[PDB]
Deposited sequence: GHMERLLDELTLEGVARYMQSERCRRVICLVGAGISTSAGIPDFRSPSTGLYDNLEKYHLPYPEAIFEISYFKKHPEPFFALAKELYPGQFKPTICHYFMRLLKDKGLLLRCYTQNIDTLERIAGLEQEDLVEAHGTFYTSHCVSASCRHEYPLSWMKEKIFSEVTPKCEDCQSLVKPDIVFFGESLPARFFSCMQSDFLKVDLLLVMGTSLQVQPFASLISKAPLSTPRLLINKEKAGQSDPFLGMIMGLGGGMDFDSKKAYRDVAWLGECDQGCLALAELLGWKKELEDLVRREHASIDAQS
């Protein structure tokens, strides 16, 4: 009846190497970048400011506040700026998917740019919450684009970034609270899920909407593999993924560190040496910058 011959990582790998599995969508969250040292910016456990005299805590991340008082956000950005941008094994696993002609799209909730550094191109990515990779002047008639190196030196020198052409504020291309979500998120979702053969859901607790609803856009037959520290995505009994019931037929949970799960899957696929070689090479290159 079902595409997976069994509801295990081993069944997923067999399916991936069969003729039926041509197009993979990855859905990724903060869990794939924590081993790179990037904290989960939506987790209350991370330290996300009395000196700023905010009308309410969340105002640091609302667009209309930021546009009037951008200094609190950029002071926070300095505190949190990563010491290094080194993608994880999981990011390079997706680069291997791309190399092998299997990656339809990576939808990411992360703003940390590590997908791009690892070699995913614009066409491969839906950055559902934007990115720090680029920044734009906020004036609608200007919209001059600035690269991350430019924005980095403003953040560290503690100079509020202003546009060289028009002297308006320049904002990192992340989606602030109160901003529209990207049109590309909705356009790609309407097309990609007609074509997907496998969903790889990695490092997300599937608690943030509308990103979490992407799992319900897959065709009914499409297997869904969760690689995550904790099971996630099941329907909420107070009001989905079905891993464990007698009716389960396509969803598989691999519980552990995302890097270790991708390593395990690569090893089943015969890709472990390729993945190790890519990661060691790219890490060596980043370390040598």
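Absence of C-alpha coordinates is noted for several segments of the deposited sequence, namely 1-3, 52-54, 246-253, 304.
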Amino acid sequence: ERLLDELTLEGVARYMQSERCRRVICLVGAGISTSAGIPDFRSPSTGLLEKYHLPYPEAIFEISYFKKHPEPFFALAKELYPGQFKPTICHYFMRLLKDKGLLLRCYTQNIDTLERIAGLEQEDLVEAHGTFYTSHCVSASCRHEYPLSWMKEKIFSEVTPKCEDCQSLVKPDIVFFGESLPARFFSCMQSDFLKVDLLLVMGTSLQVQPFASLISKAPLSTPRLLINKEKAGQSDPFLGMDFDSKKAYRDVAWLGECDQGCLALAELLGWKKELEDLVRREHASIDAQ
From here on, numbers count along this sequence of modelled residues.
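By rigid core we mean the largest C-alpha set that fits within 1.5 Å across both forms.
The higher RMS C-alpha distance to the shown form in 9 other deposited structures of this protein, out of 95-103 and 138-146, belongs to 138-146, with every structure fitted on the core. In 9 other deposited structures of this protein, superposed on the rigid core, the segment with the larger root-mean-square CA displacement between 58-66 and 25-33 is 58-66.
Modelled in this chain, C258 is likewise built in all the other compared entries whose models extend past it on both sides, so a third of them omitting it does not occur. Compared with the other entries of this protein, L239 is frequently left unbuilt, missing from a third or more of those that build its neighbours. Note on 77-85 vs 195-203: mean CA B-factor is higher in 77-85.
The deposited model assigns a higher average Cα B-factor to 152-160 than to the other stretch when 152-160 and 94-102 are compared.
The maximum CA B-factor among the listed residues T34, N228, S245, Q260, taken from the PDB record, is found at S245. Of the candidates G256, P223, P70, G29, the one whose C-alpha carries the top B factor in the deposited record is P70. In the PDB entry, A118 places in the lowest third of its chain by CA B-factor.
Among the modelled residues of the chain, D112 sits in the middle third by CA temperature factor in this PDB entry. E1: CA B factor in the highest third of modelled residues in this chain (values from the PDB entry). In the deposited entry, the Cα temperature factor of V208 sits in the top third of values across the chain's modelled residues. When the modelled residues of the chain are ordered by C-alpha B-factor, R14 sits in the lowest third.
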